[PDB]
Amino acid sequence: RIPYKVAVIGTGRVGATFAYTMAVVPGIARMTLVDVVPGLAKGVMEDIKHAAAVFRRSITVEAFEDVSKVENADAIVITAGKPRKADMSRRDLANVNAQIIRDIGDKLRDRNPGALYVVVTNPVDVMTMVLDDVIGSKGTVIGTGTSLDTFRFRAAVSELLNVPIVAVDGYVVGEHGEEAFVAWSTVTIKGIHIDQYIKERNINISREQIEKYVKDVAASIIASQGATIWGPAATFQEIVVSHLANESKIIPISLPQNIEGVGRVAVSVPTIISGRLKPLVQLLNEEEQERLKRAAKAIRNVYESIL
């Protein structure tokens, strides 16, 4: 039962699924849906109202075509931006989406004080750093980072070791994308570190086999439906609710922070999600922390190449 308002910037497949999740799963009361496409946010709103009627959930929804109409939002999830084309470099996408994130931030800044901005737009860590510059102290800027990569990794462990999903813990950290890495020291099954759980059950599964299965599963979703829709919508709800309901759940998110020897970079580490956000680098071992620093340097390199 939370009396706050959550705004959705871009009500495409991911945006609309996220809005549906908020409507039917316990938690949220007020919603703001925004999309540039005329009539799209309105239609997505009317359908979700019918679904709330089914679950007998009393919700209040507003739909607009202009981002400037968003005011007094407690959480703002941004799915807007252009997808990465096969030809484009990570620098080319950063340049295209940097202006998009800047223009959205500029229109929301003054009307939404104290709001948690959740950037989904890619490259997610670089985009979080762009929105964080624009917003500053007027709110809290975060990115989804490796939050979904973490749930996809746990789901592959659960499948490969024949254990229920509830039994698996562990995090995917660093730079979201192809370079995101498993923090193997945090990976447990019913609280038993994964190396001991495997050898004690004669399981013929290696770390490389788990990592390839995650990539293969992600690629099968991309090939058949064009993008991941259901998993990311669930993760935004988990991030937003943990923040607004002060749940203090550990979730890796892209968060601007001071990284030893690298500086202020948005990178994913296991973070406490509550009223305030607290990154816990100490949950990573000395080796994993050294790899996290390389990720932060890579993120900054892309950020400093923005024209």
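Note that residue numbering follows the sequence shown and begins at 1.
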88-96 versus 70-78 - greater average Cα B-factor per the deposited record: 88-96
Of 155-163 and 204-212, the one with larger mean CA B-factor: 204-212
Out of 169, 149, 133, 175, residue topping the C-alpha B-factor column of the entry: 133
Top Cα B factor in the deposited entry, candidates 238, 46, 247, 65: 65
Residue 105 - Cα temperature factor, lowest/middle/highest third of chain: highest
Residue 53, C-alpha B-factor rank within chain (lowest, middle or highest third): lowest
Modelled-residue ranking by C-alpha temperature factor, third containing residue 59: highest
Assigned third (lowest, middle, highest) for the C-alpha B factor of residue 115: highest
Within-chain third of residue 19 by Cα B-factor, per the entry: lowest
